[PDB]
Amino acid sequence: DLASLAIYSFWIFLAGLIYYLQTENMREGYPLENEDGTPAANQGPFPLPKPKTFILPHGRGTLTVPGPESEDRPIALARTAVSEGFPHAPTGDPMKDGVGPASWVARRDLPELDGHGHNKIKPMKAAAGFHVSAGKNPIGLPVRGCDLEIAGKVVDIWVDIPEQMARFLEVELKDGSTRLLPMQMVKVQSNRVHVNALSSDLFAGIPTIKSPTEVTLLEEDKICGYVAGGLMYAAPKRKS
Amino acid sequence: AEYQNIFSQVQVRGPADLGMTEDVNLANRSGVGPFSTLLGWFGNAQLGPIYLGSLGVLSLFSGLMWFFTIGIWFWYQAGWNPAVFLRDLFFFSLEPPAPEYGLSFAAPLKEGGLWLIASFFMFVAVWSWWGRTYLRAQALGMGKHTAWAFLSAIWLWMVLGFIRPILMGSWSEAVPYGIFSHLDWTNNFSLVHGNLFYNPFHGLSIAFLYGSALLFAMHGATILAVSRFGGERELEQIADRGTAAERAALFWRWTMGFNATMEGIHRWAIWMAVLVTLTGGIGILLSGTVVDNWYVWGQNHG
Amino acid sequence: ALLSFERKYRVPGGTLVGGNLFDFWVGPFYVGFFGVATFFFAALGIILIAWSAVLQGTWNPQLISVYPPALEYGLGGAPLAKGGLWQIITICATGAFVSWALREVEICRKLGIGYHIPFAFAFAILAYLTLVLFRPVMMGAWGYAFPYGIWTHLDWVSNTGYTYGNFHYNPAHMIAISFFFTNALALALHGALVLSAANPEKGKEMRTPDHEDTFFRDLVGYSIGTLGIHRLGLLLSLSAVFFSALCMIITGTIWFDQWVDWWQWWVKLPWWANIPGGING
Ligand code: BCL
Ligand code: BCL
Ligand SMILES: CC[C@H]1c2cc3[nH]c4c(c3C)C(=O)[C@H](C(=O)OC)c4c3nc(cc4[nH]c(cc(n2)[C@@H]1C)c(C(C)=O)c4C)[C@@H](C)[C@@H]3CCC(=O)OC/C=C(\C)CCC[C@H](C)CCC[C@H](C)CCCC(C)C
Ligand SMILES: CC[C@H]1c2cc3[nH]c4c(c3C)C(=O)[C@H](C(=O)OC)c4c3nc(cc4[nH]c(cc(n2)[C@@H]1C)c(C(C)=O)c4C)[C@@H](C)[C@@H]3CCC(=O)OC/C=C(\C)CCC[C@H](C)CCC[C@H](C)CCCC(C)C
Ligand SMILES: COC(C)(C)C/C=C/C(C)=C/C=C/C(C)=C/C=C/C(C)=C/C=C\C=C(C)\C=C\C=C(/C)CC/C=C(\C)CCC=C(C)C
Ligand SMILES: CCCCCCCCCCCC[N+](C)(C)[O-]
Ligand SMILES: CCCCCCCCCCCC[N+](C)(C)[O-]
Ligand SMILES: CCCCCCCCCCCC[N+](C)(C)[O-]
Ligand SMILES: [Fe+3]
């Protein structure tokens with residue numbers, strides 16, 4: 001009967017759809033590798049899909065995936081066991097070396113652009129006439145780390161222009177230089193901004209940006225990685 | 001306690017954003033509406049602009065006429081009494097023609113005619129709105145995924161009010177316009193077809209409805225969990241994978257042994273959701289036209 | 001085997017129990033103390049389900065059903081073949097789910113990400129516990145819980161619903177359903193919007209979040225924005241499940257009559273109860 005035919009057909013369709021979805025989801029990170037970076041013997045039952053190409057706006061070229069995968073950065077970890085499946089120990093300072101939860105990806109060293117080809121994220125002082133429109137304005141507040149010491153003072157908010165949102169706080173340190181802190185990693189209070197992720201002595205080590213009025217995707221990844229890494233790696237200097 | 005990025009701590013505002021031009025007829029955009037600081041704690045504060053245009057006017061007019069046809073019928077049922085209108089608001093119902101009228105438009109106004117008129121306005125409102133989801137994407141040079149997804153919802157709506165009644169040979173098979181009465185119709189529909197729990201397309205529709213809540217909870221939480229690395233900037237993560245997309249993928253890989261990509265999760269999403277009404281519409285269309293009783297059908301497996 | 005970008009994240013640390021003892025992977029899966037716990041609970045529960053099947057006399061997945069103790073047992077223990085296995089399997093399931101959530105927490109810690117996902121999952125666990133634990137306890141018997149069987153659990157849904165008339169009339173159930181339908185609407189729209197921008201008309205450059213905002217503003221006059229839509233999907237899904245749990249925890253406890261009759265409170269408000277005309281006059 002027609003209903004039996006429909007349901008039988010549907011299950012065949014569904015199996016095909018899952019195969020499509022799973023292979024689409026193999027456009028990044030595959031082929032799977034051994035811990036030494038060579039191709040793994042067992043790739044599983046799904047093959048890689050035929051490549052697709054994204055045309056990027058503003059002359060930025062294209063992305064074709066799947067494509068050759070490479071980290072494009074040194075990774076300062078080493079094996080802790082003689083067989084596969086165990087953790088890899090940082091060989092240096094994992095916050096400085098950008099591994100574990102301090103990891104960053106070698107994204108393009110250019111800023112994300114809006115639909116008009118301008119820098120998506122700008123310090124609020126350079127964004128006409130962006131302003132704080134609700135909530136406690138954090139500009140001017142002292143910035144406290146998880147050791148409960150003051151690490152600096154907020155001197156601006158970096159804003160996403162097309163999306164009208166706060167993305168970073170720019171914090172001036174004791175030496176007069178500044179660093180960016182992800183808005184998602186700070187708590188704005190009445191009298192301070194508190195940063196649980198970092199003790200005050202780690203603020204200097206936040207990766208710096210090369211130009212003082214823009215931030216590239218690479219730099220954002222280094223900064224966001226470093227700050228989040230502090231939850232694990234500054235745990236000793238934190239602090240009931 | 002750590003900030004969880006469910007509500008924003010600080011809102012910022014700049015000049016009203018008038019949007020991308022591309023091929024849009026700017027003469028048809030309104031001005032911006034008010035900014036809402038309240039909305040701004042959770043999402044964007046900006047209201048408007050909205051695109052009008054003649055197809056838009058047609059949809060709005062037709063949709064308002066549907067609503068007002070039902071509402072005027074409700075006032076009539078209330079004996080034009082405001083207190084009774086509010087008291088019995090959920091009990092009023094605009095009902096389709098009796099079975100005797102078949103598919104004719106010969107039913108008197110108070111006995112099905114007004115339901116046909118309301119339904120005609122709804123048909124025009126929804127289909128002209130569908131055209132709009134297509135044309136607004138086209139004008140911006142975007143893919144047509146929204147129009148395709150909307151068509152899956154339209155499929156169930158069309159099956160319920162139009163295709164199934166036509167195949168059954170009477171408008172009396174369609175859904176009444178009323179809050180309680182449409183729930184009564186739904187219960188009755190299951191009882192009369194031998195319990196929809198036995199309809200495998202109903203079971204599938206449920207799997208996708210629950211699965212949509214599972215998947216949006218997973219994806220919403222994942223993106224918030226990696227918002228500290230810019231995770232919600234999904235388009236640029238697709239174009240240039242970052243530590244947000246990698247940590248998202250590895251959370252799921254380490255948890256359940258496989259994972260998505262920033263682009264591909266949105267394909268899981270669109271399909272999980274659209275399959276709710278695709279399977280649902282099939283299940284309903286087969287009911288009474290091909291299968292009179294799902295329990296009985298399931299005993300034969302076919 | 002590892003994803004091409006995976007090794008740099010596989011560092012030690014983040015465990016809640018056991019230090020480095022269980023800090024390792026099996027293939028793609030992270031283990032951890034709670035990986036071992038989930039395995040134990042899941043294995044035991046599955047073994048006990050297999051034993052229940054043997055006592056029931058079937059291996060057919062569509063027939064196996066583990067029933068809770070009959071109502072006469074109240075909140076006491078019951079013989080294994082007469083509800084006791086359900087009781088133990090329920091402890092196992094709860095252990096397995098809570099262990100799963102806590103293993104997710106360990107994974108979040110190692111990855112340096114927010115705890116949103118296991119927090120969200122906890123809502124599903126609380127809905128499950130509402131049905132098998134909180135509601136049965138409030139009502140005074142394990143037998144009010146649902147049986148573990150593919151088809152028999154649907155029998156329970158139907159029997160339970162119709163105990164209170166048409167269950168559609170439960171107002172918390174109406175709100176839950178509105179959240180489930182709105183969630184699927186939002187999920188379809190979110191998936192479509194991102195895909196429509198990433199996969200534009202042939203030969204065109206990827207669109208931007210600016211075009212995503214513009215599309216929605218053009219269409220409905222408002223865009224919730226790229227952060228807002230993920231907050232919204234999370235809220236709609238968790239609200240759907242919160243109101244689901246709520247609609248059941250009140251049913252059989254605070255309200256136990258026909259749900260349709262609850263609505264008489266509105267109809268009977270003194271200022272219009274007696275006015276002639278309409279449906280209710
Ligand atoms: C006693 C009741 C019966 C029952 C009878 C029905 C019937 C009858 C139907 C369902 C259907 C469904 N049932 Mg059932 N169902 C039962 C028990 C359940 C249970 C449970 C017990 O836990 C669950 C979870 C469900 C779940 C579901 C869904 C999976 C499915 C509807 C999907 C949907 O998104 O529709 C919501 C989406 C739509 C209706 C699409 C709307 C489309 C657009 C075009 C709307 C236009 C609106 C516009 C003009 C108004 C604008 C106003 C705005 C403010 C602008 N049912 C019992 C057995 N069920 C439907 C189905 O598909 O069945 C197979 C269906 O017809
Ligand atoms: C005739 C039947 C009655 C009816 C009777 C009832 C009854 C009775 C109940 C509902 C409940 C629901 N009904 Mg009703 N309802 C009916 C009509 C409908 C209709 C409709 C369109 O007509 C709809 C849309 C709904 C929808 C709803 C939802 C609000 C709610 C179900 C979701 C939920 O609780 O999730 C919550 C999610 C869970 C419980 C899932 C938890 C799972 C987790 C923790 C773990 C599982 C993992 C594991 C086993 C995985 C295996 C391993 C593999 C690797 C995968 N009902 C009719 C009128 N309804 C239920 C409810 O609210 O429950 C709280 C409920 O008990
Ligand atoms: C994949 C299935 C899921 C789904 C998907 C879906 N729905 C869709 C779409 C998609 C992808 C859209 O693109 C389309 C949309 O535009 O969403 C924003 C839509 C949509 N789904 C909608 C509703 C809806 N979807 C439903 C469900 C679902 N939709 C499924 C769960 C339901 C349920 C669950 O019952 C409802 C009620 C609308 C929000 C929208 C279709 C809008 C439409 O067709 O409008 C026509 C009518 C009008 C233009 C006017 C309406 C009349 C009003 C009642 C009167 C008052 C409002 C008026 C507009 C105010 C203006 C006053 C002025 C004079 C100032
Ligand atoms: C709260 C919103 C929605 C939600 C959220 C949610 N669910 C989640 C998550 C989140 C955020 C996860 O992180 C976790 C996950 O890893 O997903 C991939 C999960 C998950 N939700 C799942 C299922 C699920 N979620 C459901 C729904 C929902 N989940 C809600 C609608 C449903 C429904 C609606 O029926 C199901 C079936 C799993 C895919 C996964 C949790 C996996 C897990 O806990 O694994 C550990 C345990 C085992 C491997 C098996 C244990 C076996 C038991 C010991 C015995 C079986 C007892 C059982 C009670 C029998 C039931 C028989 C049925 C026929 C009734
Ligand atoms: C205060 O008073 C005011 C002025 C505001 C007016 C008050 C308004 C009120 C109270 C209105 C309330 C409206 C309500 C309660 C509406 C509820 C609608 C519901 C619950 C609908 C549910 C399902 C509807 C479906 C499935 C409809 C399907 C319809 C179609 C597919 C259209 C089919 C087309 C037909 C039959 C026309 C055929 C003719 C041609 C030429 C195509
Ligand atoms: C986007 C695709 C996701 C696939 C989810 C498939 C879940 C299948 C659920 C089984 C339902 C079986 N039944 C009894 C309804 O026929
Ligand atoms: C406690 C309920 C018993 C569950 C049995 C194990 C699940 C097996 C999956 C069902 C497969 C359906 N199938 C393939 C037989 O048709
Ligand atoms: C009318 C469409 C909106 C859907 C929401 C469902 C309405 C149910 C409201 C019940 C709440 C009554 N209560 C608790 C305030 O008294
Ligand atoms: Fe997303």
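Lettering of chains follows the sequences in order, A, B, ..., and the numbering in each one begins at 1. Indexing begins at 1, ligand by ligand and atom by atom, following the structure's order. Side-chain atoms are counted along with the backbone in the values below, which use heavy atoms only and exclude waters and symmetry mates.
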| field | Separation of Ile250(C) CD1 from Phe256(C) CZ (nearest 0.5 Å) | value |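 One gets 13.0 Å once the value is rounded to the nearest 0.5 Å.
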Taking the non-hydrogen atoms of [X], is any one of them nearer than 4.0 angstrom to ligand 2?
{"X": "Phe243(C)", "answer": "no"}
{"X": "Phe146(C)", "answer": "no"}
{"X": "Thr130(C)", "answer": "no"}

| request: Report, in ascending order of atom number, the atoms of ligand 5 lying under 4.0 Å from any heavy atom of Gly178(B). | output: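 That gives atoms 20 (C) of ligand 5.
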| task | Could you list which atoms of ligand 5 come closer than 4.0 Å to a heavy atom of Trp171(B)? | result |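 This gives 36 (C) as the contact atoms.
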Are a donor atom and an acceptor atom from the side chains of [X] and [Y] found within less than 3.5 Å of each other?
{"X": "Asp184(B)", "Y": "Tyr169(C)", "result": "yes"}
{"X": "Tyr128(C)", "Y": "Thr94(C)", "result": "no"}
{"X": "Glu163(A)", "Y": "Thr226(C)", "result": "yes"}

| Would you say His173(C) reaches atom 14 (Mg) of ligand 2 with an N/O/S atom under 2.8 Å? |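 Checking atom 14 (Mg) of ligand 2 against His173(C), an N, O or S atom does fall under 2.8 Å.
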| query | Between the Fe ion (ligand 9) and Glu234(B), is there an N, O or S atom separated by less than 2.8 Å? | reply |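 Yes, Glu234(B) qualifies, because one of its backbone or side-chain N, O or S atoms lies under 2.8 Å.
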| message | So that I know where these two stand, are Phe97(C) and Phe41(C) an aromatic pair - ring centroids less than 6.0 Å apart? | response |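 That pair fails the under 6.0 Å test.
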| request: Quick one: sort the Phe90(B) and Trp263(C) rings into parallel, tilted or perpendicular, breaks at 30° and 60°. | output: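 Rings of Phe90(B) and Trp263(C): tilted, as their planes differ by 30° to 60°.
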| said: What I want to know is whether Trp115(B) and ligand 5 share at least one N or O pair that is separated by under 3.5 angstrom. | reply: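 It does not: no N or O of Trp115(B) is found under 3.5 Å from an N or O of ligand 5.
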